[PDB]
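Written out below as structure tokens is the structure these notes cover.
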Amino acid sequence: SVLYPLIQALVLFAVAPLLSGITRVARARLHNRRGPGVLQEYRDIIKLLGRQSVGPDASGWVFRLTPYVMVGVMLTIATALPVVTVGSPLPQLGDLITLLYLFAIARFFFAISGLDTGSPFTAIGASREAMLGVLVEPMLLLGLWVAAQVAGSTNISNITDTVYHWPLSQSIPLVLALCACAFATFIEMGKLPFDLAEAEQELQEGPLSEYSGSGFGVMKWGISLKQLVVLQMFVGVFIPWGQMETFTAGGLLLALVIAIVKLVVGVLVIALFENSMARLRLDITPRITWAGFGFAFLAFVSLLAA
Amino acid sequence: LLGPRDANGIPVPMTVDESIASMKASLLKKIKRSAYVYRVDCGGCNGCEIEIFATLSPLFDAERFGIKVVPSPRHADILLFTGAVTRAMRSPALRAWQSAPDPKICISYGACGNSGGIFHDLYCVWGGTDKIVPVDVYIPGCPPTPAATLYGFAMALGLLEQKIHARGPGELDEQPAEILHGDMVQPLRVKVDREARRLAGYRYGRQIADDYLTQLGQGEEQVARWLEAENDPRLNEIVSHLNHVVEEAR
Amino acid sequence: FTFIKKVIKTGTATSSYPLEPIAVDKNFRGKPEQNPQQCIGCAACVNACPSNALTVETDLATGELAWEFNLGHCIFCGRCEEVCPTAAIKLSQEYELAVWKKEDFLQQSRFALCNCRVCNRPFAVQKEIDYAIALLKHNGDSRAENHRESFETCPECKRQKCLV
Amino acid sequence: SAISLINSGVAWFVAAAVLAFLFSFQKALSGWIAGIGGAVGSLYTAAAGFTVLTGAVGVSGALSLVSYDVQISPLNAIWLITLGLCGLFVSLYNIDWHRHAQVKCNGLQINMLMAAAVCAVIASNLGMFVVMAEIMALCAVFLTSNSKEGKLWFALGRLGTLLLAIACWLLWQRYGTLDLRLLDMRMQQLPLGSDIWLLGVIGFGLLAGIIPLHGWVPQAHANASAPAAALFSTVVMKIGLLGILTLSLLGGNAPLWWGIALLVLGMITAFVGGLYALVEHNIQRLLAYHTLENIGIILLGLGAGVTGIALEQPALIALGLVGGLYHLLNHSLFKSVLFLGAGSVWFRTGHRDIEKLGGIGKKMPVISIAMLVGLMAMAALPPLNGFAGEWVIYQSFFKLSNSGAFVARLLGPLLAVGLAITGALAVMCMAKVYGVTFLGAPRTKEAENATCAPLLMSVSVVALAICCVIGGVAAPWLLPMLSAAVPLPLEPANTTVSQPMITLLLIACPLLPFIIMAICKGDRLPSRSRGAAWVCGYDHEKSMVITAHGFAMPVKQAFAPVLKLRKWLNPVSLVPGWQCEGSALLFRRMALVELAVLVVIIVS
Amino acid sequence: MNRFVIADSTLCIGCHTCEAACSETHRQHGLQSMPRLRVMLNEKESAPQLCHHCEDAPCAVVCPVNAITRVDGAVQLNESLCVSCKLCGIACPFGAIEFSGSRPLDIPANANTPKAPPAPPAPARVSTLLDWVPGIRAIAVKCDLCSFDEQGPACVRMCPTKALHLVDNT
Amino acid sequence: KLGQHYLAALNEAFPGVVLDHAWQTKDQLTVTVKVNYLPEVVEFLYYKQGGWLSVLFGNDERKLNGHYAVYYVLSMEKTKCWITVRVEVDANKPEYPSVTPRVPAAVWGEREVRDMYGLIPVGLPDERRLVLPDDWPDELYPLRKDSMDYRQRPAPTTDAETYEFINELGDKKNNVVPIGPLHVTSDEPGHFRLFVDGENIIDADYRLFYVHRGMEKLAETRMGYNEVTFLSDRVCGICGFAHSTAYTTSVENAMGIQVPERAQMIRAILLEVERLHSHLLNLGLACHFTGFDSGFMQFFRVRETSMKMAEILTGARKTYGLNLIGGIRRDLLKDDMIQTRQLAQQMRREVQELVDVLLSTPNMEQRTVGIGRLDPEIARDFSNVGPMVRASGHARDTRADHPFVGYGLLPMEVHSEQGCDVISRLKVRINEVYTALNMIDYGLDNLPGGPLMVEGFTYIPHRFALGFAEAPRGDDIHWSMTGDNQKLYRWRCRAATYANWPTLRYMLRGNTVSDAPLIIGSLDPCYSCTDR
Ligand code: SF4
Ligand code: FCO
Ligand SMILES: [Fe+3]
Ligand code: NI
């Protein structure tokens, strides 16, 4: 019980840079190119870990400490996520408020690293990171809230169990909250058209511009793990039927197979969406984000009606 | 000062300390399957820059070799330098060199980058990338083809070996030159070659005049059967003018 | 999505270079090959080079003309092939020309100079004089068949013979 | 007994104020006397609060100093713990705050504020609570920088007593008493009218800073001294919340619209304060708007408790009235952290503008770490003490959502959505504040030549931040100790949070990428901090550093009507004599006449 | 059957007026301003030597671009067609062809400013059949009989001793 | 003789101001006016006669007539011809009145003649150094014939940039966002100062001429006439043949050289092959700057068809090396005709499918519509050229207004729009792809016969004319003066973005930082063309 949650944390960190490989392979296939292998992101992180980490002279411990802080925050979120079981491995970290404020820790640390270097591109990307985080929280909370109301509990285990033993009568609020949480998952994964902070072609991928070497490698690893845990929060809660209610050693293999297939299909559909359009701007993003808050409010109204 | 200068104030190439430069072999080994390339246009005409873009094309795809073009010099393993290093581009190129992790691989790309190219001695340039920074790999071309860029990248990463080599003075230097088309009158060959360059240009004119005089050394029926095989009306136009020149010579 | 049909309809356009060669046109302007036997050291290509990839240096101490081609200078225009009298230099279709050492760009030749019969000063390439003698022998010339020492005389010394 | 402890605390506060005024010819000695006496009186106040909270029963008595009846309920013991734990380190800070050449003596004002605050907490009569709240409010408005910054506080702060005096006269007429014990017994048959409750809530929110009665707060905090601004944000604005919670919880019988009005007003205060903070460059005005945001979160908790009382749902009462009070105490802790640390930055630099205050984290590192702890504590990031009370208010919001009352089911998810917006705006604001102050290059020569803070300043800020970490990490143990004030079981809806698991998992989990970078570090050359940031090969000018103005322009674009509501709703042109030349000065003169006559009549 | 200018040594005094006059009329026309008749001096007499305009014309035999033709009984070298192969200077038995190219127009020989370190000097001249300067395209320079000029050969007109005259054998 | 009526109107308005007039081509007229009536004459021909300022430049003619010469080339576009207004400036006092207070298009050549020649336009509002770098020494003018040697490299006076930037609409409370010289979108070095309030561009100044090598000095010192044809191919690797053709048909226009009819059409065909790759490079980069990297990949996959056509037709992919003076260097035999005809029809069906996946791109409409607006009367005053002014409603094009090479024998269609934003500049370029494919398809079917060059001609010294090619980004005006039979006297090159850059400031105002690389890309900037 002190090993499942950590074994899950070690398993998700290690594979997080392989889901980035499916993403970069599907990007290459949608660019009509052969592209690299699925291990290119791991090949790029291991190369960067033996590369010198440099920084600006007007930067301190925050710039050096932020990548490890974000990786540790994503590992802390990943121990509480239902992956192969319906319940959370660590249910006392499984409150939706807890898991929403844990993500706010890493957005705060990402934003203070961009203001620590002194670059205009890093600071503007920090400003976009925090503003997208401002814009997406009403929809993500209202979707998770409506699911918790249809589940009698804000714990991720009970929401996952209620989606698992799907209720049918409360199908319309569950489906609309699922759409709101899917859209929120797409925005929190920083996927185009909402890659407004690490927007190469604008900010030289934002706060990542100042990072180099081992710091850049741990930053790329934290970005991949953050994308994995956001997509895992979606697909392990709202599509839980490949998981198992009670842990058995016999049923573990099918659960990991279905979890891996769910993650690969999720990044493939997400790749089909991000490699097919132009990115937005920050002055036009609130209209689209308020529309997802709309799918979530329609969910909230459909619980008050009935 | 961002870069070193001499006693006259003229900039000199930056050296790289022997402790840092002794790690370039290890960096070249570990960037074999994962290379991060930052492009430094130091004053070219954009010709080199857009064949690098065509080396990121779907047809010529460099990412399959693990080559990724990075937004920042901080991410770079390889600093790709194009251009003759203009005076206004010396300081940003040295800033991109200094704001990059050590050790770094420098690829000089293009004739301008290699030696200055056609602007090798102008006032408002410095004469190539080796005049400001040390160079590991030189890729020639004006601009290099994307196939040449792929070959240079694969040779820098160690996937391919260098094929061309230096040719010093030997003994062919004193073996005497042979007369071109020695079975015919040489001023007539000059007139035929000049007429074929007028109508076709230097490249097609030499090919057409050489073939036409080779067929003319055997007979007029040999010329006529060669024109029937090519079945090109423009070549019939050119060979008719060449026949007119040959008839005026007789 | 119209973009997805477009992606599916195209397929993968990536070639297998370096495994399979990439074709260039029969008359693609690649690296200038140079035949040192056919070269007469006339520096016609040197005078027409826009980027000065072709250089000649008169080295009196070695009694030679130092012909050199620098590939790092070359702008691949083909003017050397255009103005070459003996067609010694010609642009190939080779494009795989990257090096580790820029000395490997160099195609060097050294042609022995000809000293004048009268003032014993080096005035021309001996190879170019031999080519001119063979050219005049081909058109039917006795000054070439009997008098090579008139061709190995400098133009100043040939102007001195006309004074008498 | 706790009555003797609170009498010793009041006596030490009064003697500290008197001996700070009489020995004010030497500013260092006056600051030493004021800080020592305030620290001892705050120790007695906190000891009395801990005694009443541990004993789980109300104590009764009277002060030996003047004829003052005293009841200390366990509900007010949290305010006593708040006041003592703030004023201890505020006075220890004040000792070295009096070493600045450009500051003046304030210990008479500070210790009279603390004494009036403590006597307002332990007040028996509601008329006497309205008397000690105004003694505090006068001793607070005399702590402002000049007459111009306390003019609006003298206008709104006396308006609020005219309304409180009307409410107290109305209570006298309807019940024949103003004792809170007797009023509690007399309002089990005849309820408290909503006109009395409306007058009291408006008058107390003119002191607590409920938006839109908040207009004096950023003016008052704008250029005040750091112990004064910390005491404003953590004591004076909390006595108004004590009055609101006193009036709302009399009779155990509340109308439903009381809790609904408290939740809406708390949501308005929380979102408007959190948004208006992100448009401020004076650090103290920003922390004033952030005090207003946290006042709004404490009312979202107290209003959830009052709504649960009205709906007779004890789980909602427990979750709301425990989360609000825990957030109140822990806010006081981290707001004291941030005001004292920002005052230390002003002590070493002379600047309250954070656009002229770059790079203090390398010059004041201990203060930088403690300020980082406080700013992350205010963004409610786990496992710090801001998340502890806000997580419980979200559980109260979930209890509101799954109620039967349609108004509770309508407001429940919407208050959670607004609190998520407020928390995300808070994270953006603290990212801006830590980035443009303690990070990057210095932007003035005063920020370059900043040295470390004085000793007692650093001890006070670090000990307050340590108490913040204790109130965060040990929240699963400190939270059931508030069950003495609210005698109800705490039931989250089939969920729990464990801050010690989050504490151990936010330190052990970052060691794994460090371990793998130490393994995959082959011949990586040591780390480099060499030059300027990358600005695409150009020279880095001071104007390329994006600062607090340009960091919070997207919230000026995407929250345009709420930020424009501060100009449409302003009745500054409708007051006739507001723009007079000597209005602020006349407000100050009749402030000393009113404080003088009030002190004269209350000793009698 | 050929037209040319011949010099008389018993009349020529070696004043080099013809070398300047031939240089000026080609510099105005934009052609090569190197003098096309060169004054040779044995210690006893002197006469400028120039193109004989030969009937067989061995220079026109070896020209690889056919720049050397016969116009109006005169051997005429097209200066714009010459690729500087310098074969005609070897084939000429009278030394009538030397090799000079145009220098930049109206730019002084020492154009170096003191605000910069000076430009690299030119290589030492050995022979016009061997010299090459990077900015200078040294083409074949021979007497073209001043065929562009309406007054005829400028060396004949400006000779003070009348040592030069045309031999119009056509 | 074209322009006789304009000369009569000039002599009617300002009696005696014209001193000497001459025709260099039947559509090229150069008038010599008095030096202190120069701003009135250019303003008269600009606003009363409806001319467009193409290029203004200096010429060190102190060894020709003792005076510096400033030429003012006006494009008569109300048939259409060229008027060059010429003044003589004193060598000891290089002062002449400035035309910039009357014609706003005159701001940059008057800034250029201060740098390269040291002349003083009196009354010029912007005396900032433009062409020379920041480390160049003062009072050292490279285009003067005796000031310096072209091989001399002076020591840098500074390492940090000393250029001053103008923020008109903003204050010092604005931050600056440096786009360039080494940005991701900086394909070629150019620094852009975005005076921003958050992410909103209040005003925009820019530093350029990072790519300036000194090419006009190289063309008159080390190069011959036929070597500048390869030097003009290296002005810009994207429109190098436009510079090569504009240089070649200015020496030929100065000399009256009758180029053969086959060489003119192959020149016209390869100017459209160059147009094919450039507009797809701009369209791919326009997709790239909005985050649509798939559209960048799609447009560069189809761009390789035109690079394959260029390799077949010229022997090189980009630097063609086709033009010599008097003709071209390569013919088109049938495998060249067969393959390029196949590739041109392959290109037409394949570009049409990319426009459909570009106008249906989900956020491409809100990133491009109404963004980077070029005000049409601002575009008239600054004499903007090409797709940037043709989107702004001014349907002016060199291939139609001043027909050159074989463009009188090709199906020309002028493409203009009325919306003045990013999308319409793309829509001009999209429509110009289809027209370029039409002239390639017609040109590959209707080639003339005969020779490819004339040769043996002699250059008459001090003869000059204008050389104009319509480059992909607008008119490319070249001015060559023959020096002798081997070397030039003066070669001036004015490219399209040199006329298009000064209105980028008004286009960047009122937009966002995320829009700013797209607004610059919509100008379709060619930095190496501008800087030379
Ligand atoms: S090498 Fe050639 S193509 Fe490349 S930048 Fe230089 S001139 Fe342009
Ligand atoms: N197109 C193009 Fe180049 C530019 N600007 C020119 O002319
Ligand atoms: Fe000799
Ligand atoms: Ni261009």
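Lettering of chains follows the sequences in order, A, B, ..., and the numbering in each one begins at 1.
Counting only N and O atoms by type, the side chains of F:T497 and F:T530 include no donor and acceptor under 3.5 Å apart. Side-chain N/O atoms of C:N52 and C:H73 include no donor and acceptor closer than 3.5 Å. With 3.5 Å as the limit, one finds no donor-acceptor pair spanning the side chains of A:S209 and B:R74. For the residue pair A:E205 and A:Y211, no side-chain donor N or O sits within less than 3.5 Å of a side-chain acceptor on the partner. Side-chain polar atoms of F:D293 and F:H288 form a donor-acceptor pair below 3.5 angstrom. Inspection of the F:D135 and F:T158 side chains reveals no N or O donor paired with an N or O acceptor under 3.5 Å. Under the 3.5 Å distance criterion, with hydrogens and angles disregarded, no donor-acceptor pair is assigned to the side chains of A:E210 and A:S119.
At least one side-chain heavy atom of B:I118 sits less than 4.5 Å from a side-chain heavy atom of F:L231. When side chains are defined from C-beta on, F:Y527 does not count as touching B:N46, because their heavy atoms never get closer than 4.5 Å. Contact annotation: the side chain of B:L157 approaches that of B:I78 to within less than 4.5 Å [non-hydrogen atoms, C-beta and beyond]. In this structure, F:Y498 and F:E112 have side chains that are in contact, with non-hydrogen atoms separated by less than 4.5 Å. A heavy-atom distance below 4.5 Å is not found between the side chains of B:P144 and C:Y95. In this structure, the side chains of B:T86 and F:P133 stay at 4.5 Å or more apart for every pair of heavy atoms. With contacts defined as side-chain heavy-atom distances shorter than 4.5 Å, the pair F:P156/B:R5 qualifies.
Here CZ of B:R90 is found 8.5 Å from CD1 of B:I132. Values are rounded to the nearest 0.5 Å. Summarising the geometry, atom CE belonging to F:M215 is positioned 9.0 Å from atom OG belonging to F:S528; distances are rounded to the nearest 0.5 Å. Note: F:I238 CD1 to F:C529 SG = 8.0 Å, rounded to the nearest 0.5 Å. The OH atom of B:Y123 sits 9.5 Å away from the OG1 atom of F:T221 when rounded to the nearest 0.5 Å. In this structure, the separation between NE2 on F:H183 and CD1 on F:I520 is 9.0 Å, given to the nearest 0.5 Å. Atoms CZ and CG, from F:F209 and F:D115 in turn, are 8.5 Å apart once rounded to the nearest 0.5 Å.
When every heavy atom of F:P189 is checked against every heavy atom of B:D41, the shortest pair comes out as CG-O, 3.2 Å. Here the closest heavy-atom approach between residue F:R153 and residue B:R87 is recorded as C-NH1, 4.1 Å. Scanning both residues, B:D6 and B:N8, for their nearest heavy atoms gives OD1-N, 2.9 Å. The shortest non-hydrogen separation linking F:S147 to F:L140 is O-CD1, 4.1 Å. Counting all heavy atoms, side chain and backbone alike, F:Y210 lies closest to B:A88 at CD2-O, 3.3 Å. Looking at every heavy atom in both residues, F:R317 comes nearest to B:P146 through NE-CD, 3.5 Å.
Two rings, from F:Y247 and F:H478, have their centers 6.0 Å or more apart. Aromatic ring centroids of F:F165 and F:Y163 lie under 6.0 Å apart. Ring centers of B:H75 and A:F216: under 6.0 Å apart, within the cut-off. Under the 6.0 Å cut-off for aromatic ring centres, F:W501 and F:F192 qualify, their centroids lying closer than that.
For the pair F:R151 and B:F119, the cation does not sit on the ring face, since its NZ or CZ is not both under 6.0 Å from the ring centre and inside 45° of the axis. Judged by the 6.0 Å and 45° rule, A:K47 forms a cation-pi pair with B:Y36. Cation-pi contact between F:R193 and D:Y538: present, with separation from the ring centre below 6.0 Å and deviation from the ring axis of at most 45°.
Without hydrogens or angle criteria, F:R222 side chain to B:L122 main chain gives no donor-acceptor distance under 3.5 Å. Checked by atom type and distance alone, the side chain of A:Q52 never pairs as donor or acceptor with a backbone atom of B:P101 at under 3.5 Å. Between the side chain of B:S99 and the backbone N or O of B:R95 there is at least one donor-acceptor pair closer than 3.5 Å. No donor-acceptor distance shorter than 3.5 angstrom exists from the side chain of F:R303 to the backbone of F:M307, with no hydrogens or angles considered. For F:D531 (side chain) and F:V211 (main-chain N/O), a donor-acceptor pair under 3.5 Å exists by modelled atom type. F:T319 contributes a side-chain N or O that, together with a main-chain N or O of B:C142, makes up a donor-acceptor pair within less than 3.5 Å. Under a 3.5 Å cut-off, the side chain of F:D233 and the backbone N or O of F:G321 do form a donor-acceptor pair. With F:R213 contributing its side chain and F:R532 its backbone, the two residues share a donor-acceptor pair below 3.5 Å. Between the side chain of F:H212 and the main chain of B:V125, no donor-acceptor pair closer than 3.5 Å is present. Between the side chain of A:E202 and the backbone N or O of A:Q204 there is no donor-acceptor pair closer than 3.5 Å.
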Practice item. Could you go through the salt bridge (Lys or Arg N to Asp or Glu O under 4.0 Å) check for B:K24 and B:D136 one step at a time? Key: CA-CA 9 Å; B:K24 293 165 87 176; B:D136 293 329; 2.9 Å; yes
Review point. What do the steps show when you test F:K318 against B:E51 for salt bridge (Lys or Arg N to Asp or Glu O under 4.0 Å), and what is the final call?
Key: CA-CA 9 Å; F:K318 222 4 271 161; B:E51 309 296 318; over 6 Å; no
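Using cut-offs of 30° and 60° on the angle between ring planes, the pair F:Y320 and F:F241 is tilted. F:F296 and F:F300 have tilted rings, their planes meeting at an angle from 30° to 60° on a 0 to 90° scale.
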